[PDB]
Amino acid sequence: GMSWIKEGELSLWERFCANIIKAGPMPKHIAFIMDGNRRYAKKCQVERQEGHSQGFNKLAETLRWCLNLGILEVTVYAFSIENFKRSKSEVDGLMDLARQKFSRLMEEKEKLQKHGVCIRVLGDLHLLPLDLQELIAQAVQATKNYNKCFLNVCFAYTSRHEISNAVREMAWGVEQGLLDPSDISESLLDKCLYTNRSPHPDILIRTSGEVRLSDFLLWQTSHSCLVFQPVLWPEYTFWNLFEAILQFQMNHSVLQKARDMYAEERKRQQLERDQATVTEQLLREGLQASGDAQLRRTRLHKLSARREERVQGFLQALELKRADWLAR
C-alpha cells in the first residue's frame, strides 16, 4: 500500500537548518538500526504488526529526509537472523509485511527508474521464504544499473555471518586456484562482504536508546560515528536525523584523521611485511640483499602486480557468481 519513498518537501526551518549544516562536512552514507517498533506499539496500545508497519512508513519518511539532505546511500537493519527466534506470529508478520512492500515496489516501478533508486537487499537470503527471495531478487534485479541513489536493506543479516561468508568466498577462491592464502587481505575481505559496492558508513544511528550494535556492520562501522538516540524508531523525526548529522560534524575532523592514519599505518605495515618476504627470498637462494641490480625493488614491484592479478581476477569470478542470480 505504501511505496519505499515519499515525495515530501522540506519545511522552512528544516530547509534553513539544512542549508546551514550543508556548509560543513556531510556524511556520504548513513546507517540505521531501526529499533523500538515493539516498544512503540505498547505505549500507543496498538498491535505489534502495526508498530512494524509504522516503522516502514518512517523508513520511507527518513529516506526522503536523507535525499533532501543530499545523503544518497542509506543502509538499514530490517531483519536479523536472531529475529527468527521470535513468535511465529511476529516472524510471519514481518515476512508478510516484507512481501507486501517488495511487491508494491515492483508495482511502483518506473517511479524507481525515475529517481535512480538502486535497491540492494543484503543478508543470508537463503533463509527466507522462497517467495520472498524471488520478490527480493526481482526488485534488486530491476533497480540494478540505477545510480541516482542507493538503499541497502539488511534482511536476515548478521555481521558475523557476513564476515564468515566473505571468508568462505576467499577460501573458495583458494580452492579453485583463484587465490593463495597469502593474498587474503583486509582490503580483499572488504571486497567480499555484501556491502562490497557500498562505502563504509559515516554515521551509525541506532534508536530506542540501546547502546549495542546487535551484530550490525561490525566490520564496516569500526571508525564510524556511533549515534545512539533514545527515540523509538517509528517516532523518528527530521531533527533526530539532524542531531545525528551534528554529532558527525563535531567529530569529523578527528574521525577522518584517525581513518587516514589507520590506512597509512596499514599500508606501511604491509610494505614492511612484503619487503621482509622479498628479503627472506633474496636472503635465501644466495643473491644479495641490495646492490645496484635493484633486485629487491624489481622483485617487489612484480609481487604487487602479481598480487593484484590473482586478486583482481578472483573478484571478477565472485561477481560473476554473484550476478548469477537468474532467480528473479
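Take the two forms, find the largest set of C-alpha atoms that superpose within 1.5 Å, and that set is the rigid core. Quick note: we count residues from 1 along the sequence shown, nothing fancier.
Note on 51 to 59 and 35 to 43: with rigid core alignment, C-alpha atoms in 7 other deposited structures of this protein sit farther from this form for 35 to 43. Superposing each structure in 7 other deposited structures of this protein on the rigid core shows that the farther-lying of 176 to 184 and 76 to 84, by root-mean-square Cα distance, is 176 to 184. Looking at 142 to 150 and 228 to 236 together, the entry lists the larger mean B-factor for 142 to 150, computed on C-alpha atoms. Relative to one another, 19 to 27 and 301 to 309 have unequal mean CA B-factors, and 301 to 309 is the one with the higher figure. Among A78, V211, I205, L179, the highest C-alpha B-factor recorded in the PDB entry belongs to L179. Residues shown: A156, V74, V174, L217. Highest C-alpha temperature factor in the entry: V174. When the modelled residues of the chain are ordered by their C-alpha B factor, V46 lands in the middle third.
For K257, the recorded CA temperature factor ranks within the middle third of the chain's modelled residues.
Annotation for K114: C-alpha temperature factor in the highest third relative to the rest of the modelled chain, per the entry. In the PDB entry, a CA B factor belonging to the lowest third of its chain's modelled residues is recorded for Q247.
In the deposited entry, the Cα temperature factor of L130 places it in the highest third of its chain's modelled residues.
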